[PDB]
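Participant: Can you keep this structure in mind? I'll have questions shortly.
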Amino acid sequence: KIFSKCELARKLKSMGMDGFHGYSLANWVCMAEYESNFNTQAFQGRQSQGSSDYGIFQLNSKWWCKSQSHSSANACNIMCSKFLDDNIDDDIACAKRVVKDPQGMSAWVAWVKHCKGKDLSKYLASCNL
């Protein structure tokens, strides 16, 4: 499933993301756009050792969820496979956990290179929330 900007913006407001750990809804949505183009099935196999990135938040297995051959630290306490799913609920709860670390939202690269430096005050403007 691919979400639209506003669709997602609505979803996240719903699940308590507006201002969650100092980050505005704009922020979260932008991370998403830049990380997966809003694709719940987005996946990226990293050529490192056993870390791949999952779902709309491109959630890494080295840290965050379990893989297969590839064991994890499993911060989020979930099977990484749970993220390649149409339902964004655990994807989000994992996302809220990621944010807690020192790096916060910079855990997410696309976010850093595409959104951190941007003025996102108009980002959501077209959205009925």
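Identifiers for the structure tokens are assigned positionally: chains receive A, B, ... in sequence, residues are indexed from 1 per chain, and ligands are indexed from 1 in the order shown.
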Contacts of residue 118 in chain A at 12 Å or less, counting only C-alpha atoms, minus same-chain residues fewer than 3 places along, as a ChimeraX atom specification?
Facilitator: /A:26-27,30-31,111-115,121-123
Participant: Need to verify the contact set: range 62-64 of chain A, 12 Å, only C-alpha atoms, exclusion of same-chain residues closer than 4 positions in sequence. Can you return it as a ChimeraX atom specification?
Facilitator: /A:45-46,48-54,57-58,68-83,90-91,93-99,101,107
Participant: With DSSP run on the backbone, what are the helix (DSSP H, G or I) residues within chain A? I'd like them as a count of residues only.
Facilitator: 51
Participant: Of the candidates A:125, A:8, A:105, A:84, which one gets nearest to residue 65 in chain A if we count only C-alpha atoms?
Facilitator: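 The answer is A:84, which sits nearest to residue 65 in chain A.
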Participant: How would you write, as a ChimeraX atom specification, the set of residues in range 21-108 of chain A that DSSP gives as strand (DSSP E or B)?
Facilitator: /A:23,39,43-45,52-54,59-60,66,79
Participant: Can you measure CA of residue 36 in chain A to CA of residue 120 in chain A for me? One decimal in Å is fine.
Facilitator: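 Here the two named atoms are 18.3 Å from each other.
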Participant: Of the residues A:6, A:42, A:59, A:124, which is the one nearest to residue 24 in chain A, using only C-alpha atoms?
Facilitator: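 Looking at the shortest contact to residue 24 in chain A, the residue is A:124.
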Participant: Find the residue from A:9, A:1, A:35, A:40 that sits nearest to residue 106 in chain A; use only C-alpha atoms when measuring.
Facilitator: A:35
Participant: Take CA of residue 110 in chain A and CA of residue 92 in chain A and report the distance between them in Å, one decimal.
Facilitator: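 It comes out at 17.0 Å.
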Participant: Restricting the calculation to only C-alpha atoms, which member of A:129, A:44, A:103, A:116 is positioned closest to residue 11 in chain A?
Facilitator: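 Under the stated criterion, the closest residue is A:129.
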Participant: So how far away is CA of residue 33 in chain A from CA of residue 87 in chain A, in Å?
Facilitator: 17.2 Å
